[PDB]
file start.pdb (PDB, N, CA, C and O atoms)
ATOM      1  N   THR A   1      -6.942  20.322  -5.863  1.00  0.00           N
ATOM      2  CA  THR A   1      -7.051  18.976  -5.314  1.00  0.00           C
ATOM      3  C   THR A   1      -6.365  18.878  -3.957  1.00  0.00           C
ATOM      4  O   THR A   1      -5.323  18.240  -3.805  1.00  0.00           O
ATOM      5  N   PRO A   2      -6.959  19.526  -2.944  1.00  0.00           N
ATOM      6  CA  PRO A   2      -6.422  19.525  -1.581  1.00  0.00           C
ATOM      7  C   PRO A   2      -6.544  18.162  -0.910  1.00  0.00           C
ATOM      8  O   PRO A   2      -6.901  17.174  -1.551  1.00  0.00           O
ATOM      9  N   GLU A   3      -6.245  18.114   0.385  1.00  0.00           N
ATOM     10  CA  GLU A   3      -6.320  16.870   1.141  1.00  0.00           C
ATOM     11  C   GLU A   3      -7.159  17.052   2.403  1.00  0.00           C
ATOM     12  O   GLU A   3      -6.860  16.473   3.447  1.00  0.00           O
ATOM     13  N   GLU A   4      -8.210  17.860   2.298  1.00  0.00           N
ATOM     14  CA  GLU A   4      -9.091  18.117   3.431  1.00  0.00           C
ATOM     15  C   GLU A   4      -9.586  16.811   4.045  1.00  0.00           C
ATOM     16  O   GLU A   4      -9.733  16.701   5.262  1.00  0.00           O
ATOM     17  N   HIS A   5      -9.840  15.823   3.193  1.00  0.00           N
ATOM     18  CA  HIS A   5     -10.319  14.524   3.651  1.00  0.00           C
ATOM     19  C   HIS A   5      -9.224  13.778   4.409  1.00  0.00           C
ATOM     20  O   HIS A   5      -9.497  13.083   5.388  1.00  0.00           O
ATOM     21  N   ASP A   6      -7.986  13.929   3.951  1.00  0.00           N
ATOM     22  CA  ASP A   6      -6.851  13.271   4.587  1.00  0.00           C
ATOM     23  C   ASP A   6      -6.669  13.764   6.019  1.00  0.00           C
ATOM     24  O   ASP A   6      -6.632  12.969   6.960  1.00  0.00           O
ATOM     25  N   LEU A   7      -6.555  15.077   6.178  1.00  0.00           N
ATOM     26  CA  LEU A   7      -6.376  15.677   7.495  1.00  0.00           C
ATOM     27  C   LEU A   7      -7.619  15.477   8.358  1.00  0.00           C
ATOM     28  O   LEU A   7      -7.521  15.272   9.568  1.00  0.00           O
ATOM     29  N   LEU A   8      -8.786  15.535   7.726  1.00  0.00           N
ATOM     30  CA  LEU A   8     -10.049  15.358   8.435  1.00  0.00           C
ATOM     31  C   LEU A   8     -10.133  13.970   9.061  1.00  0.00           C
ATOM     32  O   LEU A   8     -10.572  13.817  10.199  1.00  0.00           O
ATOM     33  N   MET A   9      -9.707  12.961   8.308  1.00  0.00           N
ATOM     34  CA  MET A   9      -9.731  11.585   8.790  1.00  0.00           C
ATOM     35  C   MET A   9      -8.317  11.077   9.056  1.00  0.00           C
ATOM     36  O   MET A   9      -8.008   9.913   8.802  1.00  0.00           O
ATOM     37  N   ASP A  10      -7.464  11.958   9.568  1.00  0.00           N
ATOM     38  CA  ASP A  10      -6.083  11.598   9.870  1.00  0.00           C
ATOM     39  C   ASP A  10      -6.015  10.666  11.077  1.00  0.00           C
ATOM     40  O   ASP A  10      -7.032  10.381  11.711  1.00  0.00           O
ATOM     41  N   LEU A  11      -4.813  10.196  11.387  1.00  0.00           N
ATOM     42  CA  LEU A  11      -4.611   9.295  12.517  1.00  0.00           C
ATOM     43  C   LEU A  11      -3.821   9.982  13.625  1.00  0.00           C
ATOM     44  O   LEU A  11      -4.083   9.770  14.810  1.00  0.00           O
ATOM     45  N   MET A  12      -2.855  10.806  13.233  1.00  0.00           N
ATOM     46  CA  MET A  12      -2.029  11.526  14.196  1.00  0.00           C
ATOM     47  C   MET A  12      -2.520  12.961  14.368  1.00  0.00           C
ATOM     48  O   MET A  12      -1.734  13.869  14.630  1.00  0.00           O
ATOM     49  N   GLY A  13      -3.826  13.156  14.218  1.00  0.00           N
ATOM     50  CA  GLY A  13      -4.400  14.482  14.361  1.00  0.00           C
ATOM     51  C   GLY A  13      -3.940  15.432  13.274  1.00  0.00           C
ATOM     52  O   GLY A  13      -4.334  15.298  12.115  1.00  0.00           O
ATOM     53  N   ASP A  14      -3.105  16.396  13.646  1.00  0.00           N
ATOM     54  CA  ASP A  14      -2.590  17.373  12.694  1.00  0.00           C
ATOM     55  C   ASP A  14      -1.078  17.241  12.542  1.00  0.00           C
ATOM     56  O   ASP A  14      -0.392  16.678  13.394  1.00  0.00           O
ATOM     57  N   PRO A  15      -0.547  17.770  11.429  1.00  0.00           N
ATOM     58  CA  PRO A  15       0.890  17.723  11.140  1.00  0.00           C
ATOM     59  C   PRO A  15       1.699  18.619  12.070  1.00  0.00           C
ATOM     60  O   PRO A  15       2.751  18.223  12.572  1.00  0.00           O
ATOM     61  N   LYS A  16       1.201  19.830  12.299  1.00  0.00           N
ATOM     62  CA  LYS A  16       1.876  20.783  13.171  1.00  0.00           C
ATOM     63  C   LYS A  16       3.336  20.957  12.761  1.00  0.00           C
ATOM     64  O   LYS A  16       4.247  20.569  13.492  1.00  0.00           O
ATOM     65  N   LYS A  17       3.550  21.545  11.589  1.00  0.00           N
ATOM     66  CA  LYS A  17       4.898  21.774  11.082  1.00  0.00           C
ATOM     67  C   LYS A  17       5.752  22.499  12.117  1.00  0.00           C
ATOM     68  O   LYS A  17       6.945  22.229  12.248  1.00  0.00           O
ATOM     69  N   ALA A  18       5.133  23.419  12.850  1.00  0.00           N
ATOM     70  CA  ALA A  18       5.835  24.179  13.875  1.00  0.00           C
ATOM     71  C   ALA A  18       5.170  24.011  15.237  1.00  0.00           C
ATOM     72  O   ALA A  18       3.966  24.217  15.379  1.00  0.00           O
ATOM     73  N   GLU A  19       5.963  23.636  16.235  1.00  0.00           N
ATOM     74  CA  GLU A  19       5.450  23.439  17.586  1.00  0.00           C
ATOM     75  C   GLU A  19       5.607  24.707  18.419  1.00  0.00           C
ATOM     76  O   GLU A  19       4.751  25.031  19.242  1.00  0.00           O
ATOM     77  N   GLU A  20       6.707  25.421  18.197  1.00  0.00           N
ATOM     78  CA  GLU A  20       6.976  26.653  18.929  1.00  0.00           C
ATOM     79  C   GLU A  20       7.286  27.798  17.969  1.00  0.00           C
ATOM     80  O   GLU A  20       6.661  28.857  18.029  1.00  0.00           O
TER      81      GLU A  20
END
call {"tool": "encode", "arguments": {"input": "start.pdb", "output": "structure tokens"}}
result
Amino acid sequence: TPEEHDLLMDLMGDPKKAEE
């Protein structure tokens, strides 16, 4: 039960746990 729909229709684009 992933969240492909959540990230697909997100508001802030992606989470990006790591920036660098």
call {"tool": "select_by_dssp", "arguments": {"input": "start.pdb", "residues": "chain A", "states": "helix (DSSP H, G or I)", "output": "list in words"}}
result
residues 4, 5, 6, 7 and 8 of chain A
call {"tool": "atom_distance", "arguments": {"input": "start.pdb", "atom1": "atom O of residue 4 (chain A)", "atom2": "atom C of residue 16 (chain A)"}}
result
15.7 Å
call {"tool": "atom_distance", "arguments": {"input": "start.pdb", "atom1": "atom N of residue 3 (chain A)", "atom2": "atom C of residue 15 (chain A)"}}
result
14.1 Å
call {"tool": "atom_distance", "arguments": {"input": "start.pdb", "atom1": "atom C of residue 14 (chain A)", "atom2": "CA of residue 2 (chain A)"}}
result
15.3 Å
call {"tool": "axis_aligned_box", "arguments": {"input": "start.pdb", "around": "region 5-17 of chain A", "padding_each_side": "5 Å", "output": "AutoDock Vina command-line options"}}
result
--center_x -1.8 --center_y 15.9 --center_z 9.0 --size_x 27.5 --size_y 23.2 --size_z 21.6
